[PDB]
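Enquirer: my complex, first installment, coordinates as in the assembly:
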Amino acid sequence: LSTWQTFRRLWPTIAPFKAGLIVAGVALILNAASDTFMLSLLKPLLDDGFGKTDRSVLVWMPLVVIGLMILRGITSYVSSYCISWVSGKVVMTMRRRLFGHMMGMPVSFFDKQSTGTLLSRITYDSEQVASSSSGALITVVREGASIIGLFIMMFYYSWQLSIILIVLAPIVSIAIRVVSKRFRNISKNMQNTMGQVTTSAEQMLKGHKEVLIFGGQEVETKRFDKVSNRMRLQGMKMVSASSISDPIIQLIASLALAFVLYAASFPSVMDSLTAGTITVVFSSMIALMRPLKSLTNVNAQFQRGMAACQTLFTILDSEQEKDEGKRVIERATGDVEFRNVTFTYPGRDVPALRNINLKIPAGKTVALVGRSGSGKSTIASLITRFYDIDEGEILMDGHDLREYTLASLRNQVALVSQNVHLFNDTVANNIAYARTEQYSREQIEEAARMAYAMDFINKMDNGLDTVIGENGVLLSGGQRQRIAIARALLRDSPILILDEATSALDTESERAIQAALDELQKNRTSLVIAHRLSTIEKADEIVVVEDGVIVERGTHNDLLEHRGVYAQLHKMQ
C-alpha cells in the first residue's frame, strides 16, 4: 500500500542525519556477524577442542568468546545510541512543526476536544511513530543480516545437510499449519453449542421468582443436574480436542527430524560430515526461528506506526485563521456597533445570538445583563473574533472586522477576568508579555503600582523577576486579577471587555481590584459582563440579552421605570 510511501514523505526529515543511520546500520551488521561467528565457534570447540587432548583450543576459545561479547556490547550500544539520536531529532522536528502549526489554528479546533488529548498528540504520537519506524529498521537490518550470515554458515559447513533442511523445513510447517487449523475449527463449533447450554442455566436463575411460590426446588434441581452433566461432557470434548491437537504437531516435527537423520545416514553425505560440524548446523536451525518471526511481524509494526503517522500528518495540514483582511487599525477611537447579528455557536444547531443589536459608545461603558448560557459571553467572543458571525455585521470605527487583519484587531482588545492565564516567566515579562522589547522596566513598575499590584510583588522572592506560573509560584484570584489589570493598563487597549467575578474575595483584595477597575482601568469603551448590582448601577447603558434576544435597553433608572426583566432581576439582587 501507501504505508511504504510514508517513509518517502518523512524522508526530507530523516535524510539530513543520514550518518547517524549509516553508523547504526554498520553496527547492526557487525552485531549479526558477531553472533554468526559465535555460532560457528562451536565446531572447533568440539571437533578440535574437547576431543582428544586440550591442544590449546580450550585455553584460547574463552578469550575469543570474551572478545566477541566485547564487540557485541560495543556495537549494540553504538547502534542503539545512534538510532536514539536520529529518532530524537526527528521527533523534535516533528513536534516543533506540529506546535507551530497548532498555535495558528482557529479556537474552534481546541473546542472540538479538550487540551488533554492535544498534549497526547504532540507528545506520545510522535514518539510512537519514531519508535515504530526505528524498530522496523533495527529489526529488518539486524535480523536480515543474521539470517544471511546463518544461511552462509549452513551452506559453507556441510551444505549436504543444509540443502535438505531448507526444502524440508517449510513443508513440515505447512503440514503443521493444516493440522492446527483443522482442529481449531472443531473448537469453534463446540463454543457455539456451549453458549446455548450456558443460556439455559441463566434462564434457570431467572426462574427463582417463580419457583419459590410453587412447590419447586426439586424439579429445578433435577433439570440443573441434566444441564450440568451436559456442560461437563462438552468441556470434556473441548479438552480432548486440544490435547489430541498438540501431540500431532509434536509427532510431525519429530518425524521430520527422523527423516533428516535417516537422510544423513546414507553413505553419500557423511563424508563431509563430522561430530562437530553438525552442532553448528542444527544450532543454526534453532537460532534461525526467532529472526523469521521478527521479519514476519516487522511489516505489521511498520504499518501500525506509519498509520499513526497518517493522523499525525492529518493534524499537520489543515485550515488556519482566515486573516483575509488587509487594513490595519491603530488606537481604535470609534464606535463598536452590532447590527442584526445572528450567530450559531459551533456544535449548537439552535442559534446562540440572533439579530443582536448593540452599540458601545466611545468613552462609555455598557453592562450586559443576563443569566448563565444567555449568550452574554458569546458577544465578547465575537468581539475578539474567536468565532465568525453567521449573519450581520460588527464594526469598530465604522468598518466590519472580517476586513481587518487579525493581529491589528486583537491588539485593540484586552480582557480582564477572574480566569486569566499566567505564563511560566518573570512577572515583568508577564506584565509586558509579547511586548517586552517595546516597554521598559520603569513602565512595567508604574503599571503594576497604578493597578494596585505592587504590595504582593514587592514581597516575593525576587520582586518583579519572580518566575511565576501555575507550575510554579501560584497566585491567588485577586492577584491574577491585578496582574491582568496591570497588563491591560500597560497595553492601553482602546477596546475593553470585563468578566466580573461571581464571588467576593477578602476585603483587602476586593478593595484594590475594585479601585483599579473603576478609577484606573475603566476609562475606555468598556463592555462589562456584570454580576454585581453596584457595577450595573454605575454604567452608562444597560443591555439585558435573553437567550439570543435582547429584551430591554437603557439606563438603570430608566430600566427600573420600564419594570422589565432588568427591574425584576435588580429586585432579586
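Expert: Great, that's in hand. Residues are numbered from 1 along each chain as shown, chains lettered A, B, ... in the order given.

Enquirer: how is chain A carved up into domains?
Expert: Domain segmentation of chain A under CATH domains of a matching chain yields A:3-317, A:336-573.

Enquirer: looking at those, which is nearest to residue A:328?
Expert: Counting by Cβ to Cβ, residue A:328 lies closest to domain A:336-573 out of these; the figure is 4.6 Å. Where you see a C-beta, it was placed from the backbone N, CA and C, and this is true even at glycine.

Enquirer: residue A:262 - how many residues pack around it?
Expert: 9 (other Cβ atoms under 10 Å).

Enquirer: secondary structure element holding it?
Expert: Counting by DSSP states H and E, the element that carries residue A:262 is helix A:219-265.

Enquirer: for the very next helix or strand once past that helix, packing partners?
Expert: Using DSSP H and E, the helix or strand that follows helix A:219-265 in sequence is helix A:275-287. The contact analysis (3 or more Cβ pairs under 8 Å, 6 or more residues apart in numbering; DSSP states H and E) places helix A:275-287 against helix A:18-40, helix A:42-45, helix A:126-156, helix A:159-206.

Enquirer: residues touching residue A:330, list them.
Expert: Residues near residue A:330 by Cβ atoms under 8 Å, 6 or more residues apart in numbering: residue A:408.

Enquirer: measure it to residue A:492 for me?
Expert: From residue A:330 across to residue A:492, the span is 12 Å (Cβ to Cβ, to the nearest Å).

Enquirer: ditto for residue A:210
Expert: 81 Å.

Enquirer: could you do residue A:419 as well?
Expert: From residue A:419 across to residue A:492, the span is 23 Å (Cβ to Cβ).

Enquirer: also residue A:60?
Expert: Remark: distance between residue A:60 and residue A:492 (Cβ to Cβ) = 85 Å.

Enquirer: and what of residue A:385?
Expert: Using Cβ to Cβ, one gets 21 Å for the distance from residue A:385 to residue A:492.

Enquirer: who has more neighbours out of those two?
Expert: A count of neighbours by other Cβ under 10 Å puts residue A:385 above the other of residue A:385 and residue A:492, at 22 against 10.

Enquirer: which residue sits farthest out from the middle of chain A?
Expert: residue A:267 (65.1 Å; Cα atoms, centre = their mean).

Enquirer: nearest spatial neighbour of residue A:201, skipping sequence neighbours?
Expert: Spatial nearest neighbour of residue A:201, excluding adjacent residues (Cβ to Cβ, 6 or more residues apart in numbering): residue A:227 at 5.5 Å.

Enquirer: tell me, how many residues neighbour residue A:412?
Expert: That count, for residue A:412 with other Cβ under 10 Å as the rule, works out to 19.

Enquirer: which residues are in contact with it?
Expert: By Cβ under 8 Å, 6+ apart, the neighbours of residue A:412 are A:329, A:331, A:332, A:396, A:493, A:494, A:495.

Enquirer: what are the bridge partners for the fourth one, then?
Expert: Following DSSP bridges, residue A:396 is listed with bridge partners residue A:399.

Enquirer: include chain B as well:
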Amino acid sequence: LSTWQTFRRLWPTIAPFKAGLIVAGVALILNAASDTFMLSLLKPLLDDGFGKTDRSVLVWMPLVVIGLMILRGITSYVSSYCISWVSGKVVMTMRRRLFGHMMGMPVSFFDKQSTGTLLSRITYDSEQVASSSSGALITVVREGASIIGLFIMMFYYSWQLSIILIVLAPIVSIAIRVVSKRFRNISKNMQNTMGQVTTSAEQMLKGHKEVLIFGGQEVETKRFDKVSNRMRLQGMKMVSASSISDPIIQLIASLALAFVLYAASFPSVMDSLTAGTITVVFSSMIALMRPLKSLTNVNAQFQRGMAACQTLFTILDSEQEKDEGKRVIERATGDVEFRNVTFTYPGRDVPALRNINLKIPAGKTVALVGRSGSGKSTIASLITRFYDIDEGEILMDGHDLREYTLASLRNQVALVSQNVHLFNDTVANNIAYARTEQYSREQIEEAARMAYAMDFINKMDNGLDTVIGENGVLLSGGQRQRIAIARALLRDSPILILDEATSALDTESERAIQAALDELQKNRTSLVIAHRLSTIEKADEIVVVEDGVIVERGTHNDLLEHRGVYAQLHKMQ
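Expert: Adding chain B to the chains above:
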C-alpha cells in the same frame, strides 16, 4: 498461608476419584522420563554415531526418536484426559452444590446482584478454580520430574562440569539481578522529571486563548523550542540507560560461560570429558531454564485460583430462608389482614410501607390503586413473604405468617401477571408445574380449555406436549397470561394477586384473558393491582396507597362521593 489448606477443604471432593489423578501423575512422570531420555539420546549420536563411520547407530537412532515421541504423545494424551475427567467431575459436583444451595437464598440475595453475574459465578468461577488447581498439579509433577531427571542426567554424565554449573549459575543469576535493579531505579527517576516537562507543554497549550489576543505566536514558539529540546535530551538519557543494561547482562553471562570453559580446560576434569558427552550436559542447562520459571509461577497461579475458590465457598455457606414456622395451612378460607404494617424495602433507608392497614374479605376482591413507586407491589411481595416486615402483623385465617411454614404458605398464593416465567418444558408440565404427579392430563386440558387457552395450544406442533420456553417456542403476552391463569386455576389457590397489564393487546387476546380473569379466575380472595378503571369499578373495595400511606378507603361510588385522590384519578382515567 491458608491457601494450601484450600486443597484440604476441597479434598473430600477430589479424593473419591484418586485413580484419575494417579494415572495422570504416572503419565506425567513418564513424559518427563521420555524427555530426559530424549535429551540423553544426543551423546550416542555424536560420539559413537556420526563420528567415525555410521555403525548402525545412524539407522537405529531415528527409530528411537520416533518411539520416544510416540510414547510422549500417548502419555500426554492420557494425562490430559485424566486431568480433564477429574476436573470436570469436581466442577460438576461443586456447581450442583452451589445451585442447590443458591435456590434456597431469600429473594433479597438475588436483588443484591443481577442474574448475569450469578451465572458467571456458577459457570466461569468453578472452571477457573479447577483449571488453576489442575494446572498447578500438572505443572508441579511434570516439571519437577523433568528437573530431577535432568539433574540425574547431568550428575551421571561427567559430574565434574555439573557440580561447577549448579555453583556458578546461581551466583551469576544474583549478579544479573543486581545490575538490572540498579539501572531500573535510574529509569524511574527520569520518568518523574519527564512528567514535569510534559505538564509544561500542556500548560502552554492551555495558553492558546491568551496568546492570540496579544502579540504572541513567536515567544510561544521559542518556549516550545526550549521545552522540546529538554524533552529530546531526557528521552536520549532514558534510551542510553536501557542500552547500557542489556550489554552488561549479556557480558556477565558470557563471562560465566568463559569461566566454565576455562575450568574445564584444566587437566583434571578433561579425562571424563568427550565431544558427545558435553552436548548433553550443556543442553541440559538450556532445557532446565523453563521448568524453573514454571515452578516459580506455580505458587502464584495456585494462590490466585484457590483465592477465587475462597469467594466461591463464601457464596456456598450463608443464611437461607427463615422457615422457622411449624404449623401447616390448607385451603386458607379466612381473611388477609394488615395491621400497623411498617416495612423498609432493603437498600432503601426511607421506609417503603408505613403503618399500612388493609382488610381483604373472604370471597371478595379489592382493587389497590396507586402510582408507580408508591409501594403498590411491595404489599403483594410482603403477602408472598419475599421480604419480612419490620414491624406490624400480616395474617391469614387469624395468625401471622412468620408462624407458618414457607412451603405451606406459598402454596396458598398464586400470582398471575403479564411477566410470568415459562420453564423449558412441556406445556402440560407448565400448567401443572411442580405438581405433575398429582393431576392427570384430563385435568390439565380442562384447566387450559376453561382458561380460554386451548386454541393456541391445539395449533402447536405437539399440542399439550410442546417444549415451550424463552429459549424455544416463544409465546405472546396474552398467551403467557392465559398459561399462568390455567396454572393458577389448576392449583385452585385461595389467595390471588393480579397485576393487570398496562397496555391493551389484540381484540381476540384481550377478550379471552378478560373472560378468564373475571368469570373464571376471580372468584376467591383477590388483591388486584389495577391499572384499568373498568377493573376497578367491579371491585368490592378500593384502596389507594401512595408513598407508604393509603389516601382513602371505600367503594368506587363511595370514593367518588368522597372527592378524594381516587376521584381525581378516575376523572383522569
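
Enquirer: in light of the added chain B, please revisit the neighbour count of residue A:262.
Expert: Residue A:262 has 14 neighbouring residues, counting by other Cβ atoms under 10 Å in any protein chain shown.

Enquirer: distance of it relative to residue B:60?
Expert: With distances taken as Cβ to Cβ, residue A:262 is found 10 Å from residue B:60.

Enquirer: please apply the same query to residue A:236.
Expert: According to Cβ to Cβ, residue A:236 stands 40 Å off from residue B:60.

Enquirer: show me which of those two is the more surrounded one.
Expert: Neighbour count, other Cβ under 10 Å: between residue A:236 and residue B:60, residue A:236 has more, with 16 against 12.

Enquirer: residue A:105 - that's part of a strand, no?
Expert: No: Residue A:105 sits outside any strand when classified using DSSP: H, G, I helix; E, B strand; the rest coil, being coil.

Enquirer: contacts only, for it.
Expert: Going by Cβ atoms under 8 Å, 6 or more residues apart in numbering or on different chains, residue A:105 touches A:318, A:319, A:320, A:321.

Enquirer: which one (most neighbours) among those?
Expert: Of the contacts of residue A:105, with other Cβ under 10 Å as the count, residue A:321 tops at 13 neighbours.

Enquirer: surely residue A:198 and residue B:123 touch.
Expert: Yes: using Cβ atoms under 8 Å, residue A:198 is in contact with residue B:123, at 6.0 Å.

Enquirer: list residues touching both of the two?
Expert: Between them, residue A:198 and residue B:123 share these contacting residues under Cβ under 8 Å, 6+ apart: residue A:231.

Enquirer: how about residue A:168: what's its closest non-neighbour residue?
Expert: Nearest residue to residue A:168, sequence neighbours excluded (Cβ to Cβ, 6 or more residues apart in numbering or on different chains): residue A:256, at 6.1 Å.

Enquirer: close to chain B: what parts of the stretch 401-550 of chain A are there?
Expert: Within the stretch 401-550 of chain A, the residues that sit near chain B (Cβ under 8 Å from any Cβ of the partner chain) are A:406-407, A:410-411, A:413-415, A:420-421, A:423-424, A:433-435, A:469-471, A:491.

Enquirer: ok, of those, which come out buried?
Expert: If you count burial by 16 or more other Cβ atoms under 10 Å in any protein chain shown, the buried members of those come out as A:406, A:410-411, A:413-415, A:420-421, A:423-424, A:433-435, A:469, A:491.

Enquirer: which of these sit farthest apart?
Expert: For these, the maximum inter-member distance is 26.6 Å, found between A:406 and A:469 (Cβ to Cβ).

Enquirer: of the contacts of residue A:105, which is the nearest to residue A:93?
Expert: Closest approach between the contacts of residue A:105 and residue A:93, by Cβ to Cβ: residue A:318, at 19.0 Å.

Enquirer: where's the spatially closest residue to the closest one that is not a sequence neighbour relative to residue A:401, distance?
Expert: Distances taken as Cβ to Cβ, 6+ apart place residue A:105 nearest to residue A:318, at 6.6 Å, with adjacent residues excluded. Using Cβ to Cβ, one gets 19 Å for the distance from residue A:105 to residue A:401.

Enquirer: with residue A:520 instead?
Expert: Noted for residue A:520: a distance of 28 Å to residue A:401, by Cβ to Cβ.
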